[PDB]
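>>> experimental structure and sequence below, a few questions after.
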Amino acid sequence: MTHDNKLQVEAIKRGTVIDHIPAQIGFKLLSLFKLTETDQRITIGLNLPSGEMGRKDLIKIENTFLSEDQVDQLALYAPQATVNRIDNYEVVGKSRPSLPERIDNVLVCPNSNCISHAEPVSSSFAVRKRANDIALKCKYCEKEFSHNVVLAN
Amino acid sequence: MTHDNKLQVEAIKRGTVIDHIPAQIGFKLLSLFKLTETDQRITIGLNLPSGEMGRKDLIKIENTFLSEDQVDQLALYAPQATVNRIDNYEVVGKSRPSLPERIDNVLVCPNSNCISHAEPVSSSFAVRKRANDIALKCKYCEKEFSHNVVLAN
Amino acid sequence: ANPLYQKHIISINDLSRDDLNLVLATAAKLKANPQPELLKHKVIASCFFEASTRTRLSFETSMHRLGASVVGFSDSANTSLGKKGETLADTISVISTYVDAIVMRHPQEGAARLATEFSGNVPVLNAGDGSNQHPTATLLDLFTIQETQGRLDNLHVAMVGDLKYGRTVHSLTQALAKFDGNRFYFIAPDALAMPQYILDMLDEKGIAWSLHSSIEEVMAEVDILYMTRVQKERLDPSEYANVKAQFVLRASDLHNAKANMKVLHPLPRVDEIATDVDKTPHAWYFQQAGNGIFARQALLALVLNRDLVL
Amino acid sequence: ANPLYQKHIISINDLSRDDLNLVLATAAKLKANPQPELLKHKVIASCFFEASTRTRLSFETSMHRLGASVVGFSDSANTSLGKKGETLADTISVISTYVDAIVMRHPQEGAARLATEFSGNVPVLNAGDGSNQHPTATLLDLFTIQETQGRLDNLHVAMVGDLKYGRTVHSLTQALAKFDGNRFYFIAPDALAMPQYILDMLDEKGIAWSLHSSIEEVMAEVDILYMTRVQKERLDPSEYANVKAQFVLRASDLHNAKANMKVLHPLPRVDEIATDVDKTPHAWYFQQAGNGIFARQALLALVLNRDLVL
Amino acid sequence: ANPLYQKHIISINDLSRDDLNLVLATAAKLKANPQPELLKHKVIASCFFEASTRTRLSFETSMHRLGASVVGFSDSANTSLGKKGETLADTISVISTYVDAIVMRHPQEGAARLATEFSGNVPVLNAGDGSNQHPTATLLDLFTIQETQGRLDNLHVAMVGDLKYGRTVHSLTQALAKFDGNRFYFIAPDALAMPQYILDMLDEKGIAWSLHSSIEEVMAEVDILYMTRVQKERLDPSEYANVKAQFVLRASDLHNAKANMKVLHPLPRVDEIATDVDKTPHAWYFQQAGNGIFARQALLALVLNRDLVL
Ligand SMILES: O=C(O)C[C@H](NC(=O)CP(=O)(O)O)C(=O)O
Ligand SMILES: O=C(O)C[C@H](NC(=O)CP(=O)(O)O)C(=O)O
Ligand SMILES: O=C(O)C[C@H](NC(=O)CP(=O)(O)O)C(=O)O
Ligand SMILES: [Zn+2]
Ligand SMILES: [Zn+2]
């Protein structure tokens, strides 16, 4: 039931459909959350128009189901985006990434003298809506950074 | 013109269409080809079925036509790929990647003691089909490597 | 079981005004009537991967004052971690199967936090982790502060020196922010200014703070002058301009000094506090040092002993 | 203009059989008919970023014999590339605006090739780039092989020692493969074996080559025994097992050798050749060294002179 | 005798406008009319107690081009001043009984001036004394500015980088102040600002100069953009915050620049000029380098020749 404007086949049984991802984001989300390292059928649509959502982005992973845990972690890059639960062609569910309280294994603490870089542990940051931006606080070194300076993998 | 063979197919007017991209390679070319820059309705299809060939990845970029070299550089990461020049919903030109004589810039010389690392110069290797693997000779240190080793840049 | 029993003491940010008041009250009872065998039969690991004179020696003296035994190292050079490439995680893994509690100082931020993740049931007491926290120092500062001001609420506190790298001021500033009406005055060079996260925490709780270019600019309205050393060993090369102390405190500077105001310093001091201050009734850093014994005995008593000392 | 006029001498792999023959012929003439002013008014830069005795000294001596002026450095420690962080590209870019030719030895393979991209019309002569090529060495070896055997065809040649890191044998082999019917015997430790790229080339040309675990196996068949030094400065820690010479030549092992066989060595020798070999008609390494003067004058003469008539 | 015959070239501050003009005129002639024997039979000492590539090599090259002999050392590590404790005065006293002129670069300001007091009739040419003067550099810059602008008057010149430790800009500025209507633009970090003694001099002469925090502010007005390297080896630990280049020139920042503006740099460049600037009509640092041969031959010719007629 997508839309209309010159046909092309594109519909799947079960799986997830992250929708309304802002420009130059669909690629990032694909890399960070390794949402591509799978045997499942994926169909990324980049830049495809959507009214107010002028140049939106789209990702569809077949047979793959996210979790309140995962979905929320998207609120850090594509907050407005909407995650649609498609089971048997029918859109059985529909959520929206809300700010999670802690991101794990993804980012890397910008503090170079952080014990987390040397030892065999997984990174972790407490998320906080500071003022203009989101502040990230390392569980270990306890320093906080604008969610913008923090890098990842 | 027509409608593809398998189900989920995406349509476009003019642009390029890389097909037969091996599994787990589609997302990579998307990286070291900086295709994700062009804000042109890009369409990626990961892990699509490939008849007796198993599974293929497939990229589609409208109003974009690969460089006078990219197809040759594309010959290394995915030899059995095909690049279709599609103008006005029609294949006005079909191509197959051909191994060039030498490849410049993209590759990094595996020899650590090669001067190409420390100094400000573009790398370049002389390509040469050997026995099954491609042999690359560094323009600088003159050492020859197996493209297997080299593709660890 | 008292609140802090078997509890890890990594950051003052994890404790509450209650946990602190408990430690201090206990500190005062133990100073009054010592308990020589309270920790009889306990073996504590004293693991310092970074230099120390007061923290380690006071800590270890405290363990003995309470009858406990001490094992450990004062330098990582001869540990297997120092010569055999062993990770901190594995070190704390095997160590935690020998002793009842672990006290550790380390050069990297978060080291103590990391230990709690591999220490099994054994508690970890942070004796200093890089430029992050230093809980037990703060615990003795508060003890000393209350001992000299009568209270910990509504105080005019000035912290001079390297606030950026001073793990002591990080902890202390968070501690006093748990009490009410404390007025802060930060006097540090620009490159070594108090970190943002601390200032934000201050704003949120509506606490009042202000920057000042000189000691004299606040000498008349401060109850506690908390002097610190420039963390030379932690500075980046691009900050070597601040290796020497910009604010040196001299006796003459204590003329317009409030009679009750004391001068504190977590130590060691280099040249930021001239020796003449030593014999003025305002100097209290050596008294402060001595209190580390009571604050550290108190802390150990609560973590390794179930019942609130009788 | 002669074939080599203004050409860069970087890798033997870029010279043809006729180019090599032209240098040897010329070397022959200069060795018997000196040209004290052939290069009067030229200034040549002798730039060695790595140790050297024979190559640098023989090269600069050849320049003076031909009336040229020498300028340069034998240690990069005092250049601005050494103390100021300047890149090699910039060093070559400015130096090339001062001199007429550049002789260069560098620790990294490819340094000479790189120089040609920044030297403008100024030709670059590769005195050695890491473990890659050593062109002028091969020219003096060829000259020496030819004067002792009267030919560069159908020779039975054995190369002993570190063949992996030996730029000398890398260039010498590609040269001898340009002639006909030469048979190669490679005696080296597995870890320091001859690179594959050179062997693929030998096969490509249908040249007969074989491996042997001892010198005694081939002693009665070689016309030239080429001894090399284990390239210690280039060894990888994982190869420190081969620093000691595996194959050592003593005077006794020469009993069943062809009367016309000569023992060659690029030098310096460490322990691979006993000094008692020095007093035998076979030892020719020092004569080979002296020939460096003639081979190198020829090259300089041909590169800086459009027309040469001797 | 020409004005400069036998004079010491120590500081630009001791040369007049006519002396400078005499060197440039001569440089012009030698650049077009070579004098291969102008200095036949002279021996010049090239004494560098500090690193160098352009200055030493260009100087010695110029000596050979003019038929002189060179003698000296590029590293004081092996002189007797280096291993035996000999003073500089004694080094210059004996050396001056061997040679006809002395070219010297030293780590401490004033080393050249000192040499003149111990060299007798032997003239001393200052190739650089610490962060003080760099006379021959300024001569080649002037020559280069003049050939690209056809004048040394009413030029809009900007000097960027480390102006405090840059002997190059110290000498270049005192020179350009000897001409008329030149306007100076100084862009440098506060810590590495232009010394006051030079500015007092500019004011004294009523010369227009101004400071700017970016290159973009003056890009469309300069005729010469003089880029310098941060003098790391001379920085004080308290200045290690400025080792990294603050002002970096890239090819893009050149869009609104005068068509005739040239980018100059004494070299070596570290990161202050992106290499993409190299391919633009504005880049002229390498041409400037080559001009060092002509400026320096002229100086040598004028100092060692009573009468010169070219
Ligand atoms: O050293 C400082 O000034 C701050 C703080 N000081 C102390 O804890 C006192 P000590 O090194 O004697 O244990 C520290 O990091 O050790
Ligand atoms: O060093 C060797 O053993 C072989 C060869 N030897 C030489 O060049 C002799 P030199 O270093 O004395 O000029 C080299 O590649 O450096
Ligand atoms: O070093 C600089 O950056 C400026 C100037 N540069 C030079 O003289 C170049 P060189 O050291 O290669 O002769 C100097 O004062 O040394
Ligand atoms: Zn951290
Ligand atoms: Zn290479």
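Yep, it's here. Numbers count the residues shown, from 1 in each chain, chains lettered A, B, ... in the order given. Ligands and ions are numbered 1, 2, ... in the order given.
>>> for chain C, which segments count as helices?
C:17-32, C:54-65, C:80-83, C:88-95, C:111-116, C:135-149, C:167-176, C:196-204, C:285-304 (DSSP state H).
>>> among the ones you listed, which is nearest residue D:148?
helix C:80-83 (56.7 Å; CB to CB). C-beta here means a position set from N, CA and C on the backbone, and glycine is covered the same way.
>>> just the residues contacting that closest one, thanks.
C:49, C:75-77, C:86-88, C:91 (CB atoms under 8 Å, 6 or more residues apart in numbering or on different chains).
>>> what's the local residue count around residue A:94?
12 (other CB atoms under 10 Å in any protein chain shown).
>>> I figured it was touching residue A:82, is that so?
Yes - the pair residue A:94 / residue A:82 is scored as a contact, 6.5 Å apart, by CB atoms under 8 Å.
>>> most surrounded residue in the contacts of helix C:80-83?
Result: residue C:49 is most packed of the contacts of helix C:80-83 (other CB under 10 Å), 24 neighbours.
>>> could I get the contacting residues of that one?
Residue C:49 sits in contact with C:75-76, C:81, C:104-107, C:111, where contact means CB under 8 Å, 6+ apart.
>>> sorry, back to before: export the helices of chain C as CSV, with columns for distance to ligand 5.
Formatted as CSV, the helices of chain C follow (distance: least, CB to the ion, whole Å):
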stretch, distance to ligand 5
helix C:17-32, 62
helix C:54-65, 53
helix C:80-83, 37
helix C:88-95, 39
helix C:111-116, 41
helix C:135-149, 54
helix C:167-176, 48
helix C:196-204, 47
helix C:285-304, 60
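>>> residue furthest from the geometric center of chain C?
residue C:84 (31.6 Å; CA atoms, centre = their mean).
>>> domain-wise, how is chain A divided?
A:8-100, A:101-153 (curated CATH domains).
>>> name the nearest residue to residue A:2, sequence neighbours excluded.
Excluding the flanking residues, the one nearest residue A:2 by CB to CB, 6 or more residues apart in numbering or on different chains is residue A:10, at 6.7 Å.
>>> wait, doesn't that neighbour sit right on residue B:8?
Yes - contact criterion CB under 8 Å: residue A:10 and residue B:8 qualify, at 5.2 Å.
>>> and for those two, which residues touch both?
residue A:43.
>>> what's the burial count for the residue nearest to residue A:2?
Around residue A:10 there are 17 residues (other CB under 10 Å).
>>> doesn't it fall inside a strand?
No - looking at residue A:10 with DSSP: H, G, I helix; E, B strand; the rest coil, it is coil, so not inside a strand.
>>> kindly report the residues of chain C close to chain E.
Residues of chain C lying near chain E by CB under 8 Å from any CB of the partner chain: C:237-241, C:243.
>>> give me that answer again for 6 Å
Contacts of chain C with chain E, taken as CB under 6 Å from any CB of the partner chain, map to C:237-238, C:240-241.
>>> for the residues you listed, pick the one with the most neighbours.
Neighbour-wise, those (other CB under 10 Å) top out at residue C:241, 18 neighbours.
>>> quick one: that residue from chain B, how far?
With distances taken as CB to the nearest CB, to the nearest Å, residue C:241 is found 32 Å from chain B.
>>> contact partners for residue C:177?
The contact partners of residue C:177, taken as CB atoms under 6 Å, 6 or more residues apart in numbering or on different chains, are C:205, C:207.
>>> and which of the residues of chain C next to chain E is nearest to residue C:187?
residue C:241 (17.4 Å).
>>> which stretch of helix or strand covers the residue in chain A that chain E sits nearest to?
Of all residues in chain A, residue A:112 sits closest to chain E, at 17.0 Å by CB to the nearest CB. Using DSSP states H and E, residue A:112 is not contained in any helix or strand.
>>> OK, contacts around the residue of the stretch 201-310 of chain C at minimum distance from ligand 1?
Going by CB to the nearest ligand atom, ligand 1 is nearest to residue C:229 of the stretch 201-310 of chain C, at 3.9 Å. If a contact means CB under 6 Å, 6+ apart, then residue C:229 has C:269-270 as its contacts.
>>> much appreciated, bye for now.
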